[PDB]
Amino acid sequence: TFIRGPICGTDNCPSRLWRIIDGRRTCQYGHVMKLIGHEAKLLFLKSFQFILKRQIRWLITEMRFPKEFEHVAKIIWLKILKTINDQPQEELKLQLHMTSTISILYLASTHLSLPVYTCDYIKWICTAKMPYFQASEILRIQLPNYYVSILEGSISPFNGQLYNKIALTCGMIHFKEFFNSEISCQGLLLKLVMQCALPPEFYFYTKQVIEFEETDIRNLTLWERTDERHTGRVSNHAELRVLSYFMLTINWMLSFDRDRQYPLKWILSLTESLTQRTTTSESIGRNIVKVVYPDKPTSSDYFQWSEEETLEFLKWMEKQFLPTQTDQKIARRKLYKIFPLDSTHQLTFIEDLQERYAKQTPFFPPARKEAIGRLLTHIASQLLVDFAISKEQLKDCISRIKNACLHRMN
Amino acid sequence: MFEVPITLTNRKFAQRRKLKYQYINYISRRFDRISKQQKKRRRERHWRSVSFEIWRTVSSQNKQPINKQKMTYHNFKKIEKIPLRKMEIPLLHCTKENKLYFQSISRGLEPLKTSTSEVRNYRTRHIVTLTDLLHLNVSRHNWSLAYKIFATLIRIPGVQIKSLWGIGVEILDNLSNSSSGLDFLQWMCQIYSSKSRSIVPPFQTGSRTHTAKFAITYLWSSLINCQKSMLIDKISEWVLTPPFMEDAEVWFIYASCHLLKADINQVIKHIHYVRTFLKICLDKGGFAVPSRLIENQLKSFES
Amino acid sequence: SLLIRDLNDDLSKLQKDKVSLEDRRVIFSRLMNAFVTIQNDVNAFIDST
Ligand SMILES: [Zn+2]
């Protein structure tokens, strides 16, 4: 017979009061009246490696990758794991930022010649589909705050941090003999023509300028481990040069159709079919990336979006910002439970692509340079948000490689 | 380009606040000389003020009789010369960008880039867009959508928001579902009236001395929910309930409940009642009709 | 009780050495009111009768 309370009114207990209905109250003898230190390298690399295999799970599963990728990842993460555990110091000196996760994913994908490119990764992670923006997301482990900072920090890929970290890894363990670091070029061309509404001739145009300056040899290292660089090496991440050739091609090609194959108008109609904000999975995505792109204008771009864009936005917020990070509690379960928590419309990708291909289907004088310019600058915008680089970065590259074509042409 | 409803991303802004208020201390200290630790920052930021119904201000009378120039070039650079080197010491500890900011604000130049404009996180940026769409939809009369925004928002763990007037007028104009503006307000007072800075001007406040906007507005607006009638002894029952004595505005709410209930000796007691609370409302910072007008309605009653 | 302690407070903030007579009638009116109702509440207790 228990209630614990009221100890015992006898100073050789206090032993433990139950009340009988008769009010004696009776006591038993029988009166009736934290985190690791300095080798959490091991835990660090475990949350990191665990987060990696988690992401692989999401891309074979949800992206229908091949199972071979995983082995290619154990090999690359194995090489650099072996290289950081061929390093002595108790001072950690490692940077396993998230850019390293994405860095070995892209590295492995590129060995395997899969037609995935950096912009696929940027989209995937900025749309909260592929889990990224957290340490062991809200649900795990308590580590030294020095390493939680080594994770949460350097999170952004958005100034070319991804290209720089994939080249950095490409030094950390060598691309050349160990792997095949040729990019999947021609699928990028397809991705690009379809990404505009360019007629399929430009695939072969740009493919040809490509062959003209390179003869199609494309590497992955830009490495001489440092920070320091100041010439020759704004433009040797293959992709960025591909986009540069693409832009150039459009400019040259269209401004020297002495044939007049490409109407003064169809460049405008192309610009407008490219400009018309319409709600497909893709453009909705590019809006989602526009939101976390560092520079204006792209945030003024979210300004010029429309009620349905904002709505599908809050949708993606309640879906993929459940991937958040980090008495009164039940008072907030009832408090929030005070207000209720609670023929397919928009079209697919090739549907939109088809319909603007038709919106220009009427195919069959110095201010047309204007049309060339505004088209080039819109295309540029899309590339800047999609491939997470800078205005100034891009134009540095296409400037350099444009002089790199004039030099091998003159 | 609009205010964000999140606590500002931290480190550099705080250590800049350090450099700023520390140098401020050294200059103003030597200035009073010539006129003769989190806590150091705390005292430092501390000793400083922290025909229609216009809640009028305090106009100009009973104030000083000027000053004549204190500060020539030579005299100012006298005051400035030494505290700038003292600053040279911990400037060596802060970051290069922070040091540059110290150099420029101390020249008097004002920084190009906002705290937001240089801020740098997924979940919080998403909450920013969520809350934004809430405020936008509530402005757009889109009470349905806005309601979806609100429910999805309050679901989130991430930030508490003072944003409360946003939700007061929000659920107010919403009418849609969720335990409404009054419920929110009385919640605000029940949670934040007991021991149980940057962000805070007056339109969101703490219950030591006046929590103003939301309280007085649910008060009056509830008396207008009696304008729906001709509920009152309810509104002044829970205006009777709270102790937060620096109001008087709830004294005029009270006396207004008695004038509204006075529209037989019972009606007499209500008129003597309003007569009382108008003076115990002369208790504090006055809400005044000529009030002989109030009494003139009370004589139209005395009929 | 509190209410009468207030009537008594405003009552002293007469001179009315200046001060115009009639308020004399209204102050009395308020005082009669107070006395009557306290006397009623006492009666009711000894007495609800
Ligand atoms: Zn005992």
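Listed as the method for this PDB entry is cryo-EM; the listed resolution is 7.7 Å.

(A) Quick peek at the arrangement of the chains. Ranking by contact count across 2 pairs of chains in contact places chains A and B at the top. Chain A makes no contact with chain C; the smallest distance between any of their C-alpha atoms is 37 Å.

(B) Molecular detail of the UniProt feature "binding site: Zn(2+)" in chain A. All names here are of chain A. Mapped onto this numbering, the UniProt entry annotates "binding site: Zn(2+)" at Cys8, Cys13, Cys27 and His31. The largest pairwise C-alpha distance within this set of annotated residues, which runs over 24 residues, is 9.9 Å, so the set is compact in three dimensions. On the secondary structure map, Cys8 appears in the segment before strand 1 (18-19). Counting through the fold element by element, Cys27 comes out in the loop between strand 2 (25-26) and helix 1 (41-63).

(C) Quick look at the coordination of the zinc ion. Residue and element names in this part refer to chain A. The coordination sphere of the zinc ion contains the protein donors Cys8 (SG), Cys13 (SG) and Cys27 (SG), at a distance range of 2.2 to 2.8 Å. Counting the intervening residues between successive donors of the zinc ion yields the motif C-x4-C-x13-C. Of the two residues, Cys8 sits in the segment before strand 1 while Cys27 sits in the loop between strand 2 and helix 1, which places them 19 residues apart along the sequence. Accessibility expressed as a relative area gives 5% for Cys8, which makes it buried.

(D) Structural context of the nonpolar core. Grouped together as the largest cluster of nonpolar side chains are 143 residues, with contacts concentrated most on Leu59(A), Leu105(A), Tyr121(A), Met130(A), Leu198(A) and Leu254(A). Among the elements that line this core, the one with the most residues is helix 9 (residues 238-255) of chain A, at 10 residues. In this structure, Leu105(A) is in contact with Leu52(A), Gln55(A), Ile56(A), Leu59(A), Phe69(A), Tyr121(A) and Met130(A), ignoring residues within four places of it in sequence. Grouped together as the second largest cluster of nonpolar side chains are 10 residues, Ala255(B), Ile271(B), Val274(B) and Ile294(B) included.

(E) A look at the side chain of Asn287(A). Residues and elements named next belong to chain A. Topologically, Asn287 is positioned in helix 11 (residues 281-290). Note on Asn287: relative accessible area 2%, which makes it buried. A distance of 3.5 Å separates the side chain of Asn287 from the side chain of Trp305, its partner in a polar contact. Apart from residues no more than four positions distant in its own chain, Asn287 is found in contact with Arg277, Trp305 and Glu309.

(F) The arrangement of helix 8 (residues 201-213) of chain A in detail. Residues and elements named next belong to chain A. Taking 1.5 Å per residue, 13 residues should reach 18 Å; helix 8 reaches 19 Å between its end C-alpha atoms and fits that length. Where the residues of helix 8 are buried, they touch helix 7 (185-195), helix 9 and helix 10 (266-275). Count one or two residues on from helix 8 and you reach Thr215, which has phi positive near 65°.

(G) Summary view of a nonpolar patch on the surface. Together, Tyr302(A), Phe303(A), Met1(B) and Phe2(B) give the surface a local cluster of nonpolar side chains, amounting to about 470 Å² of exposed area. The topology assignment puts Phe2(B) in the segment before helix 1 (12-35). Given a relative accessible area of 55%, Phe2(B) falls into the exposed group.

(H) Local environment of the domain arrangement of chain B. Domain boundaries in chain B define domain 1 (10-50 + 72-120) and domain 2 (121-303). When each unit is reduced to the centre of its C-alpha atoms, the spacing between domain 1 of chain B and domain 2 of chain B is 41 Å.

(I) The arrangement of the packing of aromatic side chains in detail. One pass over the full model with this rule turns up 32 aromatic pairs over all chains. Residues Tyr132(A) and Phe133(A) carry aromatic rings whose centres are separated by 4.8 Å and whose planes lie at 65° to one another, so their mutual orientation is edge-to-face. When sorted by exposure, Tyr132(A) lands in the same class as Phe133(A), which is buried. Ring centres 4.8 Å apart and planes at 70° place the aromatic pair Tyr203(A) and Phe204(A) in the edge-to-face group. Within the aromatic cluster, the residues linked to one another by ring pairs are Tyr132(A), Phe133(A), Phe313(A), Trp316(A), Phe321(A) and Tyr122(B). For the cation-ring pair, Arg16(B) lies above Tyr101(B), with the distance from its terminal atom to the ring centre recorded as 4.9 Å.

(J) Quick look at the state of the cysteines. The tally for this structure, following the rule as stated, stands at 0 disulfides over all chains. Here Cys405(A) stays unpaired: no disulfide links it, and the sulfur of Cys397(A), its closest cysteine neighbor, is 11 Å away. Between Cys189(B), a free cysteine, and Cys257(B), which holds the nearest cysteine sulfur, the sulfur-to-sulfur gap is 16 Å. With a relative accessible area of 32%, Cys189(B) lands in the partly exposed category.

(K) Quick peek at the interface of chain B and chain C. Each side of the interface is counted separately: chain B has 5 residues, and chain C has 5 residues. Taking both sides of the interface into account, the surface hidden between chain B and chain C amounts to around 490 Å²; carbon and sulfur atoms contribute 58%. If you look at where chain B meets chain C, you find 0 salt bridges. Inspection of the chain B/chain C interface yields 1 residue pair in polar contact.

(L) Summary view of unusual backbone geometry. Omega for the peptide link from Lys296(A) to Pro297(A) comes to 5°, which places this bond in the cis form. Relative to the elements of secondary structure, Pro297(A) occurs in the loop between helix 11 and helix 12 (298-303). A positive phi angle, near 50°, is found at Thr326(A), a position not held by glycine. Note that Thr326(A) resides in the loop between helix 13 (307-320) and helix 14 (328-336). Under the relative-accessibility criterion, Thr326(A) is labelled exposed at 71%. One non-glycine residue, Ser291(B), adopts positive backbone phi at about 70°. Relative to the elements of secondary structure, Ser291(B) occurs in the loop between helix 13 (265-279) and helix 14 (292-302).

(M) Broad picture of the interface of chain A and chain B. Between chain A and chain B, the contact holds 34 residues from the first and 33 residues from the second. Between chain A and chain B lies a buried interface of about 2,900 Å² when both sides are counted; carbon and sulfur atoms form 66% of it. It is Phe321(A), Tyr336(A) and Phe339(A) in chain A that bury the most area against chain B; as a group they hold 23% of the surface buried on that side. At 9 residues, the largest contribution of residues to the side of chain A that touches chain B is made by helix 13 of chain A.

Rules of the game
- Residues numbered from 1 in each chain as written, not as in the entry; some residues may be left out.
- Chains lettered and ligands numbered in written order.
- Part of a larger assembly, values for the part shown.
- Heavy atoms only, no water.
- Contact = heavy atoms within 4.5 Å.
- UniProt positions renumbered as here; feature names shortened; annotations may be inferred.
- Helix = DSSP H or I, 4+ residues; strand = E, 2+ residues; numbered from the N terminus.
- Donors = N, O, S within 2.8 Å, 3.2 Å for Na, K, Ca; no water.
- Buried < 20%, exposed > 50% of the residue type's maximum accessible area, 1.4 Å probe, protein only.
- Core = buried A, V, L, I, M, F, W, Y, C linked by side-chain atoms within 4.5 Å.
- Polar contact = N/O pair within 3.5 Å; in protein donor to acceptor, adjacent residues only side chain to side chain.
- Expected span 1.5 Å × (residues − 1).
- Patch = residues over 30% accessible without salt bridge, like charges linked within 9 Å, V, L, I, M, F, W, Y side chains within 5 Å.
- Areas by Shrake-Rupley, 256 points an atom, 1.4 Å probe, with all protein chains shown as cover.
- Salt bridge = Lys/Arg side-chain N within 4 Å of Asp/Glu carboxyl O.
- Domains from an automatic or database assignment.
- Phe/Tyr/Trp six-rings, centres within 6.5 Å; stacked < 30°, edge-to-face > 60°.
- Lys NZ or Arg CZ within 6 Å of the ring centre and 35° of its normal.
- Disulfide = S-S within 2.5 Å.
- Buried area = accessible area lost by both parts, 1.4 Å probe.

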